[PDB]
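Labels below follow one simple rule: chain letters A, B, ... track the order of the sequence lines, proteins then strands, and each chain is numbered from 1.
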Amino acid sequence: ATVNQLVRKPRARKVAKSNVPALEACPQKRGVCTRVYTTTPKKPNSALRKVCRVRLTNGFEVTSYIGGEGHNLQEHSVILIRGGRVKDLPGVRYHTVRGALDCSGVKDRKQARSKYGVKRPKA
Amino acid sequence: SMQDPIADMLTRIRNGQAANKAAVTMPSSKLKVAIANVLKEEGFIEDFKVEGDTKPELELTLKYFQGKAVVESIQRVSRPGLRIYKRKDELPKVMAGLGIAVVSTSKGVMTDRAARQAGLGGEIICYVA
RNA sequence: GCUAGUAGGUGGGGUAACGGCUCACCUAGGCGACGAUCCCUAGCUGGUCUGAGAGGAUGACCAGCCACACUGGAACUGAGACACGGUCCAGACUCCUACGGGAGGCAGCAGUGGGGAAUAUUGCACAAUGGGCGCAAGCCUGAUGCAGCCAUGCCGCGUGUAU
RNA sequence: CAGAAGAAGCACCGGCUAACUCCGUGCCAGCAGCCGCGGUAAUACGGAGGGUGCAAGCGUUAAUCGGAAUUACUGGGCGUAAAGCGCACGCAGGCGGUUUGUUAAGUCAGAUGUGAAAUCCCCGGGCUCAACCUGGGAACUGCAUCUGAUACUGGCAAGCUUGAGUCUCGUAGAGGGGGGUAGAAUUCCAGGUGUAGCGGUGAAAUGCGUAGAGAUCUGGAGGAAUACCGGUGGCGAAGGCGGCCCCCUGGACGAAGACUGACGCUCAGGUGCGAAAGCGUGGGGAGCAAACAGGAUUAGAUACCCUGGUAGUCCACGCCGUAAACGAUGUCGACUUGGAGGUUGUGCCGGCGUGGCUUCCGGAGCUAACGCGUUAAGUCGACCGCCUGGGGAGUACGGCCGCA
RNA sequence: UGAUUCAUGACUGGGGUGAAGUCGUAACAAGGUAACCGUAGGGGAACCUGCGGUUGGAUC
Ligand SMILES: [K+]
Ligand SMILES: [K+]
Ligand SMILES: [K+]
Ligand SMILES: [K+]
Ligand SMILES: [K+]
Ligand SMILES: [K+]
Ligand SMILES: [K+]
Ligand SMILES: [K+]
Ligand SMILES: [K+]
Ligand SMILES: [K+]
Ligand SMILES: [K+]
Ligand SMILES: [K+]
Ligand SMILES: [K+]
Ligand SMILES: [K+]
Ligand SMILES: [K+]
Ligand SMILES: [K+]
Ligand SMILES: [K+]
Ligand SMILES: [K+]
Ligand SMILES: [K+]
Ligand SMILES: [K+]
Ligand SMILES: [K+]
Ligand SMILES: [K+]
Ligand SMILES: [K+]
Ligand SMILES: [K+]
Ligand SMILES: [K+]
Ligand SMILES: [Mg+2]
Ligand SMILES: [Mg+2]
Ligand SMILES: [Mg+2]
Ligand SMILES: [Mg+2]
Ligand SMILES: [Mg+2]
Ligand SMILES: [Mg+2]
Ligand SMILES: [Mg+2]
Ligand SMILES: [Mg+2]
Ligand SMILES: [Mg+2]
Ligand SMILES: [Mg+2]
Ligand SMILES: [Mg+2]
Ligand SMILES: [Mg+2]
Ligand SMILES: [Mg+2]
Ligand SMILES: [Mg+2]
Ligand SMILES: [Mg+2]
Ligand SMILES: [Mg+2]
Ligand SMILES: [Mg+2]
Ligand SMILES: [Mg+2]
Ligand SMILES: [Mg+2]
Ligand SMILES: [Mg+2]
Ligand SMILES: [Mg+2]
Ligand SMILES: [Mg+2]
Ligand SMILES: [Mg+2]
Ligand SMILES: [Mg+2]
Ligand SMILES: [Mg+2]
Ligand SMILES: [Mg+2]
Ligand SMILES: [Mg+2]
Ligand SMILES: [Mg+2]
Ligand SMILES: [Mg+2]
Ligand SMILES: [Mg+2]
Ligand SMILES: [Mg+2]
Ligand SMILES: [Mg+2]
Ligand SMILES: [Mg+2]
Ligand SMILES: [Mg+2]
Ligand SMILES: [Mg+2]
Ligand SMILES: [Mg+2]
Ligand SMILES: [Mg+2]
Ligand SMILES: [Mg+2]
Ligand SMILES: [Mg+2]
Ligand SMILES: [Mg+2]
Ligand SMILES: [Mg+2]
Ligand SMILES: [Mg+2]
Ligand SMILES: [Mg+2]
Ligand SMILES: [Mg+2]
């Protein structure tokens with residue numbers, strides 16, 4: 001583009017959309033589980049992945065992953081969600097924070113405990 | 001149409017050097033002559049002469065060193081579509097000072113080194129390396 | 001496409017002051033693709049973050065400017081206000097009442113409830129700096145100086161040394 | 001004073017990325033920023049031992065810039081990857097050959113005022129050090145005013161002729177608009193001769209024929225298109241233009257001069273032209289032929305094949321405004337080795353030059369490659385149009401235009 | 001009485017994703033009728049046919 005053309009119409013920056021719009025630029029958000037269930041991933045993976053539908057304090061209704069082995073979550077549980085897509089799960093853009101509010105930490109976890117809300121064992 | 005006779009002068013030099021021409025010829029002008037003078041004093045061209053009265057013709061004798069063109073690169077800077085003026089403290093350095101910038105100052109056309117010594121800025125005509 | 005006090009002029013009025021500031025009359029103008037009008041968002045700057053730079057993003061603390069003071073409107077007093085802890089009217093809320101009628105405004109400091117992923121003590125003192133009043137002594141000062149709470153950040157140190 | 005006495009965690013270890021083994025599990029449970037890992041020998045899941053990185057912190061999430069030259073001013077692209085408007089004319093705008101003088105707006109130099117302090121940076125000073133505090137400078141890249149400089153750009157004045165244009169003479173051309181006409185052929189109509197087939201296909205059948213077809217001869221009617229010439233030939237801005245003749249009319253080129261004196265180039269918006277199909281009104285209708293019908297083929301055959309056949313194709317006027325409207329290559333100008341041709345001028349003595357347009361090859365250079373290569377996709381300048389991952393989508397909604 | 005904006009609405013239009021069931025085989029080789037572009041008509045569907053255009057067609 002010539003400078004004459006740029007004087008009339010300057011260069012335009014592309015605005016980027018957030019991959020986590022339901023957080024509304026907050027680091028976490030609290031919600032109430034409306035449904036807890038399992039789902040199967042995309043090809044080429046196979047599993048029964050644990051997710052939940054969670055209505056957030058700002059009115060958004062989204063799906064959130066429940067990481068770790070085993071959980072204590074059911075309908076009406078109050079949880080805290082954070083950013084983080086689950087690659088092989090269609091349209092799951094958020095992770096549940098283990099060890100916050102009504103979500104319990106994972107039992108018997110010994111490594112990466114802080115990622116799953118597990119207190120230090122007394123050994 | 002023709003709208004930059006200076007860029008045409010530089011291109012004739014650039015293309016003539018690439019074609020291993022001994023000399024290039026072009027319609028003359030006082031500004032072209034003033035630029036030819038700087039090219040000669042810096043040893044980039046060998047000589048020049050203006051021939052003719054009502055339609056003067058400028059001829060530049062090109063030089064080659066060891067079978068290679070002496071002008072390694074010659075480039076228009078200020079141009080009709082976008083003029084470039086520099087103050088004395090911001091005159092450009094071509095090839096870390098190994099090349100020249102032809103500057104038009106109020107004391108005439110000279111190199112960037114000469115314009116720095118006279119404490120003048122001006123219009124950056126071209127880089128020569 | 002927009003505009004009739006609209007654009008300009010004359011005269012009167014008005015203001016501390018110039019002015020369509022206002023009124024009467026005359027002219028028919030004025031603004032706009034160098035984006036008017038309309039719509040959405042937004043306090044502005046010194047700066048701050050990033051970047052080799054050019055830029056991009058941003059405007060918390062600190063300092064300058066502006067605007068606001070429960071919501072809408074108004075003036076009075078005064079050198080200065082259309083006035084955060086003044087006045088008047090209207091409105092929504094809370095409260096008192098003998099039912100006629102009255103009272104109030106934390107976006108000052110601390111604090112409570114609420115909302116939220118999330119942000120502190122209903123502390124001490126006018127000793128210092130500064131401000132109001134006073135001839136002064138002094139009185140007032142949640143400005144300010146300090147203390148309490150929180151790994152929130154930056155910086156320093158320790159959690160032993162030698163064998 | 002007393003005694004090591006009170007004081008270490010968090011993430012990670014397949015690759016990017018510093019750090020590897022065993023056991024458990026067996027596309028399960030699970031991990032994940034991405035590539036991906038998990039199917040019975042998992043350095044990728046989970047535990048352990050060992051290791052790596054940070055450390056009173058360490059991880060995760062959110063958010064900004066960076067990397068991203070991935071909006072490219074610095075600093076990118078558009079033949080085929082996304083991208084040149086279908087082609088023009090042209091207002092605003094951008095740009096402007098050459099000489100002299102003048103002006104001093106841009107530009108340049110210097111001065112003065114201002115650019116708050118803090119912050120950043122430099123040299124220091126003070127807290128045991130550092131953070132922090134602080135002195136002095138620099139910086140604040142700007143704005144205004146004054147005084148100078150005059151090369152370049154702009155303004156004003158005067159020129160100049162090389163860009164652009166006018167005139168004179170001629171040349172080639174399917175350039176355009178209007179009218180006329182000719183010959184060949186198809187179809188139809190009439191008549192003569194003549195008799196059992198014709199037509200069609202891969203093979204058939206539908207169809208036509210003893211009510212006399214097909215074939216052959218004569219006469220007539222009518223519409224559409226112009227064999228040969230004909231050519232990687234010509235003309236035109238593009239779309240496009242093909243018998244012959246006349247009338248009206250545009251452009252290009254060449255040779256010698258004369259004339260004007262920068263009158264130029266490009267162009268958002270605007271306006272005009274714009275294949276075929278299609279639309280409106282009125283005509284026309286031979287041949288061809290969407291739709292449609294029948295016969296075949298086939299598993300089916302809403303097709304390809306056959307026999308028919310209506311819009312339409314043709315004319316007048318108006319609309320539509322799109323095409324792989326293509327060289328998938330915007331316009332203008334300058335410059336840079338060669339070879340062989342076509343076509344159309346002109347100079348000179350078949351021979352030698354010199355112009356215009358055009359086809360193929362190929363050098364340097366350029367390009368991701370293919371290729372382009374003096375008709376550039378090479379080397380430069382002026383201006384415009386356009387691109388920014390694939391799909392959704394050139395779609396929806398709104399506007400404008402249109403009879404649709 | 002208008003404008004604009006947000007929410008919502010029986011029903012309806014196409015789109016994306018997943019999954020692969022039913023129907024065919026349009027494209028890629030000359031893809032078995034060269035493909036594609038504009039337009040028009042037709043058809044369960046991919047598509048077919050007419051008219052002009054392109055080579056980004058194989059063979060010759
Ligand atoms: K898998
Ligand atoms: K007024
Ligand atoms: K007046
Ligand atoms: K800024
Ligand atoms: K208010
Ligand atoms: K106050
Ligand atoms: K005090
Ligand atoms: K095993
Ligand atoms: K650029
Ligand atoms: K003619
Ligand atoms: K245009
Ligand atoms: K037919
Ligand atoms: K079949
Ligand atoms: K017909
Ligand atoms: K049309
Ligand atoms: K073509
Ligand atoms: K020739
Ligand atoms: K000749
Ligand atoms: K253009
Ligand atoms: K119609
Ligand atoms: K609605
Ligand atoms: K086909
Ligand atoms: K094909
Ligand atoms: K078609
Ligand atoms: K059907
Ligand atoms: Mg005024
Ligand atoms: Mg007045
Ligand atoms: Mg606001
Ligand atoms: Mg950078
Ligand atoms: Mg008063
Ligand atoms: Mg007050
Ligand atoms: Mg108050
Ligand atoms: Mg408070
Ligand atoms: Mg709460
Ligand atoms: Mg008091
Ligand atoms: Mg490694
Ligand atoms: Mg194993
Ligand atoms: Mg592991
Ligand atoms: Mg960038
Ligand atoms: Mg690119
Ligand atoms: Mg393509
Ligand atoms: Mg393309
Ligand atoms: Mg084109
Ligand atoms: Mg033009
Ligand atoms: Mg000039
Ligand atoms: Mg000046
Ligand atoms: Mg300062
Ligand atoms: Mg020191
Ligand atoms: Mg300092
Ligand atoms: Mg001048
Ligand atoms: Mg001048
Ligand atoms: Mg037609
Ligand atoms: Mg129709
Ligand atoms: Mg018609
Ligand atoms: Mg008709
Ligand atoms: Mg047929
Ligand atoms: Mg098009
Ligand atoms: Mg064509
Ligand atoms: Mg062609
Ligand atoms: Mg195109
Ligand atoms: Mg070639
Ligand atoms: Mg290229
Ligand atoms: Mg459309
Ligand atoms: Mg129209
Ligand atoms: Mg097929
Ligand atoms: Mg086919
Ligand atoms: Mg289309
Ligand atoms: Mg059909
Ligand atoms: Mg057919």
Side-chain angles (χ1 to χ4, degrees), chain A residues 1-14 18 20 23-30 40-50 56-58 65 67-70 80-91 94-95 97 100-101 106 108-116 120, chain B residues 1-21 24 26-32 34-35 52 54-57 74-76 78-90 103-110 115 118-125:
Chain A
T2 75
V3 279
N4 248 12
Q5 290 173 320
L6 297 183
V7 167
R8 297 189 235 105
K9 178 172 97 113
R11 303 286 198 178
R13 323 173 53 246
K14 30 248 166 145
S18 157
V20 283
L23 291 172
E24 283 173 332
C26 299
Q28 298 94 21
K29 272 270 156 74
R30 152 177 66 123
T40 62
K42 267 154 216 144
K43 282 199 237 287
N45 282 346
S46 197
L48 283 185
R49 304 233 184 275
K50 281 83 198 175
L56 299 192
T57 57
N58 58 7
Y65 191 61
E69 291 170 298
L80 204 69
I81 68 155
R82 58 156 173 93
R85 172 178 87 156
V86 174
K87 174 81 150 24
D88 62 12
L89 283 185
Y94 313 94
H95 276 63
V97 177
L101 300 191
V106 177
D108 315 302
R109 189 76 190 227
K110 285 295 157 16
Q111 291 166 31
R113 275 186 293 97
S114 75
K115 296 185 172 176
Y116 298 86
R120 178 148 197 249
Chain B
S1 64
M2 164 75 63
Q3 285 168 46
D4 193 355
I6 297 320
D8 182 83
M9 170 179 197
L10 311 188
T11 288
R12 285 182 188 240
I13 294 173
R14 200 188 303 109
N15 296 355
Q17 290 263 250
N20 299 317
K21 297 286 228 155
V24 292
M26 77 202 57
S28 184
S29 87
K30 57 195 272 207
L31 176 59
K32 288 193 211 193
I35 292 158
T54 191
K55 274 140 91 174
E57 211 83 5
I74 181 161
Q75 177 216 324
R76 188 83 155 109
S78 193
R79 58 190 177 78
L82 173 52
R83 303 280 176 183
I84 304 288
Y85 310 102
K86 294 293 185 219
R87 291 186 317 260
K88 164 249 306 157
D89 40 291
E90 64 193 7
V103 181
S104 191
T105 83
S106 65
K107 292 324 215 185
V109 174
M110 56 180 84
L120 303 174
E123 186 172 345
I124 309 307
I125 288 164

> Could you run down nucleotides 64-77 of chain D 5' to 3' and tag each one B, S or - for protein heavy-atom contact under 4.0 Å?
Replying inline: -S----SBBS--BB
> When you check every protein heavy atom under 4.0 Å of nucleotides 139-146 of chain D, what one-letter string (B, S, -) results, 5' to 3'?
Replying inline: --S-----
Between protein and nucleic acid, restricted to nucleotides 33-37 of chain D and to nitrogen or oxygen atoms under 3.5 Å apart, what atom pairs and distances do you find?
residue: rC34(D); atom: OP1; partner: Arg85(A); partner atom: NH2; Å: 3.3
residue: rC35(D); atom: OP2; partner: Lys87(A); partner atom: NZ; Å: 3.2
residue: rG36(D); atom: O6; partner: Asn45(A); partner atom: ND2; Å: 3.0
residue: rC37(D); atom: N4; partner: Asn45(A); partner atom: OD1; Å: 2.9
residue: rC37(D); atom: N4; partner: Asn45(A); partner atom: ND2; Å: 3.3

> Pairs counted as Watson-Crick or G-U wobble with both distances under 3.5 Å: what dot-bracket string results for RNA chain E, using | for bases tied to another strand?
Replying inline: .................................(((((((((....)))))))))|....
Sort me out a list of protein N/O and nucleotides 373-378 of chain D N/O pairs below 3.5 Å, or just none if empty.
none

>> If you compare every side-chain N and O of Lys115(A) against the phosphate oxygens of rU61(D) (OP1, OP2), does one of them come in below 4.0 Å?
In response: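 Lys115(A) to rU61(D) OP1/OP2: no side-chain N or O under 4.0 Å.
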> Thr54(B) side chain N/O closer than 4.0 Å to the phosphate oxygens (OP1, OP2) of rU162(D)?
Replying inline: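 Checking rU162(D) against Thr54(B), no side-chain N or O comes under 4.0 Å of OP1 or OP2.
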May I have the distance from [X] (atom [atom1]) to [N] (atom [atom2]), rounded to whole angstrom?
{"X": "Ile81(A)", "N": "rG116(C)", "atom1": "CD1", "atom2": "P", "value": "14 Å"}
{"X": "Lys29(A)", "N": "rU61(D)", "atom1": "NZ", "atom2": "P", "value": "17 Å"}
{"X": "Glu57(B)", "N": "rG97(D)", "atom1": "CD", "atom2": "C1'", "value": "14 Å"}
{"X": "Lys9(A)", "N": "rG269(D)", "atom1": "NZ", "atom2": "P", "value": "13 Å"}
{"X": "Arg109(A)", "N": "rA29(D)", "atom1": "CZ", "atom2": "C1'", "value": "12 Å"}
{"X": "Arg14(B)", "N": "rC380(D)", "atom1": "CZ", "atom2": "P", "value": "4 Å"}

>> List the residues meeting salt bridge (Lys or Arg N to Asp or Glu O under 4.0 Å) with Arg12(B), not counting sequence neighbours, and say none if there are none.
In response: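 Result, salt bridge (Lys or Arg N to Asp or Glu O under 4.0 Å) vs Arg12(B): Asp8(B).
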> In terms of side-chain geometry, is the basic nitrogen of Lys43(A) or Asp88(A) positioned less than 4.0 Å from the acidic oxygen of its partner?
Replying inline: no
>> Return the CD1 to CZ distance between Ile124(B) and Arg76(B), rounded to the nearest 0.5 Å.
In response: 11.5 Å
Contacts under 3.5 Å, N or O only, protein and nucleotides 263-268 of chain D:
residue: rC265(D); atom: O4'; partner: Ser1(B); partner atom: OG; Å: 3.2
residue: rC265(D); atom: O2'; partner: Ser1(B); partner atom: N; Å: 3.3

Under 3.5 Å, which donor-acceptor pairs do the side chains of residues 1-14 of chain A form with other protein atoms, sequence neighbours left out?
residue: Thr2(A); atom: OG1; partner: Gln5(A); partner atom: N; Å: 3.2
residue: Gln5(A); atom: OE1; partner: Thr2(A); partner atom: N; Å: 3.2

Got a list of protein N/O to nucleotides 50-56 of chain D N/O distances below 3.5 Å?
none

> Which residues satisfy the ring-ring contact (aromatic ring centres under 6.0 Å, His included) test with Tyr116(A), sequence neighbours excluded?
Replying inline: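 If we apply the ring-ring contact (aromatic ring centres under 6.0 Å, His included) test to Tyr116(A), skipping adjacent residues, there are no hits.
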Any base atoms under 4.0 Å from [X], or only sugar-phosphate, or nothing? Heavy atoms, all strands.
{"X": "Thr105(B)", "answer": "base"}
{"X": "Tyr65(A)", "answer": "sugar-phosphate"}
{"X": "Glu123(B)", "answer": "base"}
{"X": "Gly16(B)", "answer": "nothing"}

> Do the six-membered rings of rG250(D) and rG251(D) sit on top of each other, with centres under 5.5 Å apart and planes under 30° apart?
Replying inline: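 Yes: the six-membered rings of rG250(D) and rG251(D) sit under 5.5 Å apart with planes under 30°.
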> Got a sec, which residues hit side-chain hydrogen bond (donor to acceptor under 3.5 Å, both in side chains) with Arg109(A), two or more places apart in sequence or on another chain?
Replying inline: none
Anything under 3.5 Å between a protein N or O and an N or O of nucleotides 13-19 of chain D, put it in a table, one pair a line.
none

